[PDB]
Q: 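Here it is, the structure, as structure tokens.
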Amino acid sequence: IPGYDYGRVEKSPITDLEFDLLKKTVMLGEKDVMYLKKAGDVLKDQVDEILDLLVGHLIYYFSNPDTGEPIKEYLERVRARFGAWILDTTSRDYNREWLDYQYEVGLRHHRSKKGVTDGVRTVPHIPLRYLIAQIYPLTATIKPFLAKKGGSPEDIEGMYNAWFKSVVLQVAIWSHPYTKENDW
Amino acid sequence: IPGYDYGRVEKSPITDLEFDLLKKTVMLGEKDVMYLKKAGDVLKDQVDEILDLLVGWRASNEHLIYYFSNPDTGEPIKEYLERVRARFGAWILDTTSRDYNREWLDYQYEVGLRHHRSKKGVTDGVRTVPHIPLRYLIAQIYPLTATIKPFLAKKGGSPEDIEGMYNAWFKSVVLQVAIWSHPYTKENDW
Amino acid sequence: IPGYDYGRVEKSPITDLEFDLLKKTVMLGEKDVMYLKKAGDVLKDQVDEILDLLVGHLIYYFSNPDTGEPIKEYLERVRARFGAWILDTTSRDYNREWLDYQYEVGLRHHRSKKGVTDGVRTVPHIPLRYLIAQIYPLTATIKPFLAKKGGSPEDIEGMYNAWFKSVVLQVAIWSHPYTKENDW
Amino acid sequence: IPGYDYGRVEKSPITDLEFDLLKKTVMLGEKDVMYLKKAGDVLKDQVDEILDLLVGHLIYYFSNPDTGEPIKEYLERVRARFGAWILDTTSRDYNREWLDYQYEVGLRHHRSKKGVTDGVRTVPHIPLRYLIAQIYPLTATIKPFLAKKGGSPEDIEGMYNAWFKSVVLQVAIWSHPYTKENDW
Ligand code: HEM
Ligand code: HEM
Ligand code: HEM
Ligand code: HEM
């Protein structure tokens, strides 16, 4: 998967303790790690059906800004990495390697690295306000996929809440290159 | 409620269209507005029980008390916790029952400045931790969303009712934090 | 100097803009900052003489209230901090650090923290009316010391007026814990 | 100066006595404190010239590790703090405040906080061996600047040796987060 750089990016300037504190704040515990891995099982085999809901109004950020035309090759390549992110979110251990890639992913929404990974000339920057807003649809979208394979509501809620915790935590990490020095 | 300034704050530097776009991004529709108002009914009469989970000076609040504290001594400011708790109590019902209009937007922006070094501590005249880091505001989206759901369900009803109320609350919390981030983010990055 | 906490106190609940507006109102400009620093030169070597005029209708507030007896220790320790305040007033940059200490000093006249710094059992509270009244003697007392080393009357007036501006500004800050919520 | 945190950092886990013993071992006495302050006079007005020799052999540690490309903003911001360190080394009183900042500076070479201050993704860790080796060039580089303004060789040697003592003492402090528990 071109540009997919999990495990191959530089050290994010967030410390291990600050990360641990962040996981504590979103209440990401051992239970959620289990629920996440279980979401990975439930979602593994529905990724394309998830991808069709999300990536294949914010089309604009996949576009050439001067013409407003979307970049097919940008959408395809990001979609593929997003497909991997679905399973990275569920199945990776949320360790320094994970933190570093989440930070990378945040830089790629940011003017710092947006468009660079796919070599496209695109909207340079995704405003923070939309990254945070997106927490809702990207959280809520997953839940029908978590439930389709049945099980217990407490299973579905545990998986769902763990996913929710991860999305928030990710966006919390991503905000670091968006926020003023000292305000993060 | 001292410091509670809903309807009495200055114009936030966010336009009406950017706000509307933000509500559209979190998918805050007329269904959610209805669900929010219905959460207001379900929650109004459980606020103190909600407040005890989140904010008091005899609450249950966790790794967060520090931001209610004197930084040099680490001691929490009882009067800060009580006054904020009262405003938080009103915020619960403001979140459910207010119309999400310019007046609302302006107060959400105010509330974000009050977590920010710009106005934290000023409202209660306390000498406190000057600034709540953005990372924690965003992280808090989860516990402040998830905490509400048992209270939405206690009075029974339909799961689709509870989910509608719950999701609307979720949308509001995200939208609020999205607004609050504006004084935290670099010029042009919001 | 025990209790002398310049640079080591918490954030006063006064904003940077409200402080700047306050300096604007007392007309504290770049000229006064220069004149203040020059007062610092003129006064540093007369502090003890200054202190003997001021601290070594006030005495009651240095006293045990039940017996009316003054607390030697309290007077000695405050005098020392006052000695430092003379030079802090002239030589510090009037920035957030300064503002925070002025606010601290106001709390120490207030029932909020009077007596705490020196661990004394004393008159709990200095009434605001006397803090404001004291603006005059604490301003006017300094002027002979500003003039003793000679120079130009315009020098002496510039130093004197800057000192006057600072004393007012300080008391203006101190009033915040004395005034009703919303009335400051 | 962004990130420049002298006087604003937490308590280093080195005691006052262990610090005093360290100054005793490098033979940092009252004479050196005087010589240091005199170096401060001699160097204050040559800092940029000094900075151009050192920071604007080990560029890699200012770099992105994956690409080896140096981070201009990292070099700029560190250079500015280094400029302040030159004058902090000469002019500060070597007290607890100073010790705490030296410890901070050592953590910033260490994997514990390297890159965090400037939010850069960089080489995570400066190996201890290079911190110690650097004692020589960072000591010897200063001496022509100490001599340029003339004076006595005994003046230049006193300033030079005091600088030498400080650099060693600093690195001695910095080694604490690098060394095994109990071996420092
Ligand atoms: C309104 C908000 C958002 C918009 C408009 C947006 C759009 C984009 C775009 C254009 C890219 C590719 C950026 C580049 O490298 O040039 C991208 C990458 C990605 N986004 Fe977003 N995004 C948003 C928020 C989010 C959120 C909250 C998540 C949650 C994780 C997310 C997940 C991803 C993933 C997984 C990728 C691919 C990352 C990779 O390269 O591995 N996005 N998104
Ligand atoms: C989604 C996240 C959050 C929500 C929904 C929320 C809600 C609120 C509300 C409603 C208020 C009072 C507003 C008013 O004065 O009218 C408030 C104030 C406050 N909250 Fe938060 N809060 C959040 C995050 C946080 C975090 C992470 C902390 C860290 C402990 C925190 C600590 C405080 C403090 C110290 C105040 C007093 C602020 C001040 O000095 O004015 N809050 N919060
Ligand atoms: C009638 C008016 C005043 C009375 C009775 C008074 C008395 C006192 C007392 C009892 C203290 C010790 C407070 C404590 O317990 O810490 C004190 C501290 C002090 N006062 Fe006043 N004061 C008055 C007005 C002023 C004014 C106008 C100034 C001008 C700046 C001033 C300057 C100071 C200073 C510098 C200190 C030491 C602050 C520190 O702790 O560093 N006072 N005064
Ligand atoms: C081979 C050895 C060294 C290398 C490769 C190196 C490189 C660096 C780097 C990359 C930084 C930025 C660190 C950060 O991310 O915060 C830095 C900061 C700094 N270095 Fe070194 N350094 C070395 C040894 C030394 C020595 C012996 C000194 C003597 C004091 C010194 C003085 C400084 C100073 C003063 C700063 C800025 C401290 C501050 O943030 O205030 N370095 N150096």
Side-chain angles (χ1 to χ4, degrees), chain C residues 37 40-41 44-45 87 91, chain D residues 1 4 6-7 12 14-58 78-106 108-109 126 128-176 178 184:
Chain C
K37 296 208 189 97
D41 157 333
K44 38 73 163 191
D45 227 305
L87 292 199
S91 305
Chain D
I1 307 171
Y4 170 70
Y6 195 99
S12 57
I14 300 179
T15 68
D16 279 326
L17 182 55
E18 306 180 67
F19 181 42
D20 226 302
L21 280 156
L22 266 180
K23 281 168 344 170
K24 177 54 56 169
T25 307
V26 296
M27 317 192 342
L28 208 29
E30 183 78 68
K31 225 182 262 223
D32 311 280
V33 173
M34 164 255 204
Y35 274 129
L36 279 177
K37 296 208 189 97
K38 195 149 163 45
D41 163 338
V42 172
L43 293 179
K44 56 155 146 40
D45 240 282
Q46 314 174 286
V47 173
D48 282 350
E49 221 208 307
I50 297 160
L51 288 182
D52 292 316
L53 281 190
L54 306 159
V55 61
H57 192 267
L58 287 109
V78 169
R79 157 170 180 136
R81 297 202 292 272
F82 197 103
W85 165 89
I86 290 166
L87 292 199
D88 287 334
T89 300
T90 64
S91 305
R92 300 286 194 178
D93 283 343
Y94 282 22
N95 52 31
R96 158 64 57 182
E97 181 165 68
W98 185 82
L99 160 61
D100 278 50
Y101 199 59
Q102 310 320 294
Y103 196 83
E104 172 66 25
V105 170
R108 288 171 183 201
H109 295 71
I126 297 160
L128 182 62
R129 94 194 75 157
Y130 291 131
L131 299 185
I132 298 173
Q134 208 51 236
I135 291 167
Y136 175 76
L138 268 149
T139 297
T141 303
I142 220 68
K143 196 170 187 224
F145 302 75
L146 291 173
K148 271 197 183 200
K149 299 185 182 180
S152 168
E154 301 148 61
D155 287 13
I156 289 142
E157 287 302 336
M159 295 189 276
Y160 177 55
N161 271 274
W163 178 269
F164 183 5
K165 288 174 194 184
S166 185
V167 172
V168 168
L169 166 63
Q170 287 178 47
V171 178
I173 286 154
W174 297 2
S175 63
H176 181 269
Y178 284 88
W184 182 83

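In what follows, every chain begins at residue 1, and chains take the letters A, B, ... in the order their sequences are listed. Hydrogens, waters and symmetry mates are skipped; everything else that's a heavy atom, side chains included, is used.
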Q: Looking at D:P137 and D:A133, what are the two nearest heavy atoms and their distance?
A: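 Nearest pair, atom of D:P137 first, then D:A133: CD-O, 3.3 Å.
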Q: State, to 0.1 Å, how close D:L146 and D:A39 come at their nearest heavy-atom pair, and which atoms those are.
A: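 Looks like CD2-CB, 3.7 Å.
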Q: Looking only at atom types and distance, does a side-chain atom of D:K165 sit under 3.5 Å from a main-chain N or O of D:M27, one as donor and one as acceptor?
A: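 The answer is yes, because a donor-acceptor pair under 3.5 Å joins these two groups.
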Q: Is D:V167 close to D:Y136 at the side-chain level, that is, under 4.5 Å between some pair of heavy atoms?
A: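 Result no, sub-4.5 Å side-chain heavy-atom pair not found.
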Q: Assess the side chains of D:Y4 and D:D88: does a donor N or O sit below 3.5 Å from an acceptor N or O?
A: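 Their side chains do contain a donor-acceptor pair, which is all the 3.5 Å distance test asks for.
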Q: A quick test of your reading: do over 12 heavy atoms of other residues, nucleotides or ligands sit less than 6.0 Å from NZ of D:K31?
A: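 Incorrect, the count does not exceed 12.
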Q: Heavy atoms, side chains only, cut-off 4.5 Å: are D:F19 and D:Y103 in contact?
A: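 A side-chain contact under 4.5 Å is absent here.
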Q: Could you report the tightest heavy-atom contact between D:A172 and D:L22, atom names first, then the distance?
A: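 Shortest heavy-atom contact: CB-CD2, 4.3 Å.
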Q: We want to know whether D:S175 and D:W184 form a side-chain donor-acceptor pair, criterion being a heavy-atom distance below 3.5 angstrom.
A: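 The criterion, which ignores hydrogens and geometry beyond distance, is satisfied for D:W184 and D:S175.
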Q: Are D:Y35 and D:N161 packed together at the side-chain level, in the sense that at least one heavy-atom pair is separated by less than 4.5 angstrom?
A: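 Not in contact.
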Q: Is a side-chain donor-acceptor pair under 3.5 Å present for D:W85 with D:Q170?
A: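 Yes - a donor-acceptor pair under 3.5 Å links their side chains.
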Q: Can any side-chain N or O of D:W163 pair as donor or acceptor with the backbone N or O of D:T90 at less than 3.5 Å?
A: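 Side chain of D:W163 to backbone of D:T90: no pair is present.
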Q: Would a 4.5 Å heavy-atom cut-off, applied to side chains only, mark D:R92 and D:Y101 as touching?
A: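 They are not in side-chain contact.
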Q: Where the side chain of D:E18 meets the backbone of D:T15, is there a donor-acceptor pair that is under 3.5 Å apart?
A: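 Checked: pair present.
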Q: Quick check: does any side chain N or O of D:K23 sit under 3.5 Å from a backbone N or O of D:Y94, one acting as donor and the other as acceptor?
A: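 Yes; at least one donor-acceptor contact below 3.5 Å.
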Q: Side chains of D:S12 and D:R96, heavy atoms from C-beta outward: is any pair under 4.5 Å?
A: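 Result yes, sub-4.5 Å side-chain heavy-atom pair found.
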Q: Quick check: closest heavy atoms across D:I1 and D:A84, and the distance to 0.1 Å?
A: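 Between these two residues, the closest heavy atoms are CD1-CB, 4.0 Å.
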Q: Report the distance from atom CG of D:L36 to atom CG of D:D41, rounding to the nearest 0.5 Å.
A: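 Those atoms lie 12.5 Å apart.
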Q: Just wondering, do D:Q134 and D:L58 contact through their side chains at under 4.5 Å, heavy atoms?
A: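 They are in contact (side-chain heavy atoms under 4.5 Å apart), so the answer is yes.
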Q: Check whether more than 12 heavy atoms from other residues, nucleotides or ligands sit under 6.0 Å from atom CZ of D:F164, and answer yes or no.
A: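 It does not: D:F164 CZ has 12 such atoms or fewer within range.
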Q: Between CG of D:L43 and CD1 of D:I86, what distance do you get to the nearest 0.5 Å?
A: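 The distance works out to 7.0 Å.
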Q: Nearest 0.5 Å, what's the CG-OG1 distance between D:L138 and D:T89?
A: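 Those atoms lie 9.5 Å apart.
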Q: Give a yes or no answer on whether the side chain of D:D100 reaches the backbone of D:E97 with a donor-acceptor pair at less than 3.5 Å.
A: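 Pair absent, no side-chain N/O of D:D100 close to backbone of D:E97.
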Q: Quick one, D:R81 and D:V78 - any side-chain contact, counting heavy atoms below 4.5 Å?
A: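 Answer yes - side chains close enough.
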Q: Any idea which heavy atoms bring C:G40 and C:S91 closest together, and the distance?
A: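 It is CA-OG, 4.0 Å.
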Q: D:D45 and D:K149: side-chain contact (heavy atoms from CB on, under 4.5 Å), yes or no, with the steps?
A: CA-CA 11 Å; D:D45 240 282; D:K149 299 185 182 180; 3.8 Å; yes
Q: Mark yes when over 12 heavy atoms from residues, nucleotides or ligands other than D:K44 sit less than 6.0 Å from its NZ; otherwise mark no.
A: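 More than 12 within 6.0 Å, yes.
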Q: Short question: side chain of D:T25, backbone of D:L21 - any donor-acceptor pair under 3.5 Å?
A: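 Looks like yes, one N/O pair under 3.5 Å.
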Q: If you apply the rule side-chain contact (heavy atoms from CB on, under 4.5 Å), what do you find for D:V171 with D:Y178, and how did you get there?
A: CA-CA 11 Å; D:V171 178; D:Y178 284 88; over 6 Å; no
Q: Could you go through D:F145 and D:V42, starting from their C-alpha distance and side-chain angles, then the distance that decides it, and tell me whether this counts as side-chain contact (heavy atoms from CB on, under 4.5 Å)?
A: CA-CA 8 Å; D:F145 302 75; D:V42 172; over 6 Å; no
Q: Start with the C-alpha gap between D:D48 and D:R79, add the side-chain angles, then the distance that decides, and say whether side-chain contact (heavy atoms from CB on, under 4.5 Å) holds.
A: CA-CA 10 Å; D:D48 282 350; D:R79 157 170 180 136; 4.0 Å; yes
Q: Looking at CG of D:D20 and CG of D:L99, how far apart are the two atoms once the value is rounded to the nearest 0.5 Å?
A: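 With rounding to 0.5 Å, CG (D:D20) is 10.5 Å from CG (D:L99).
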Q: How about D:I173 and D:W98: do any of their side-chain heavy atoms sit closer than 4.5 Å?
A: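 Answer yes - side chains close enough.
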Q: Is it true that a side-chain atom of D:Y160 and a backbone atom of D:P144 form a donor plus acceptor pair closer than 3.5 Å?
A: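 No; zero donor-acceptor contacts below 3.5 Å.
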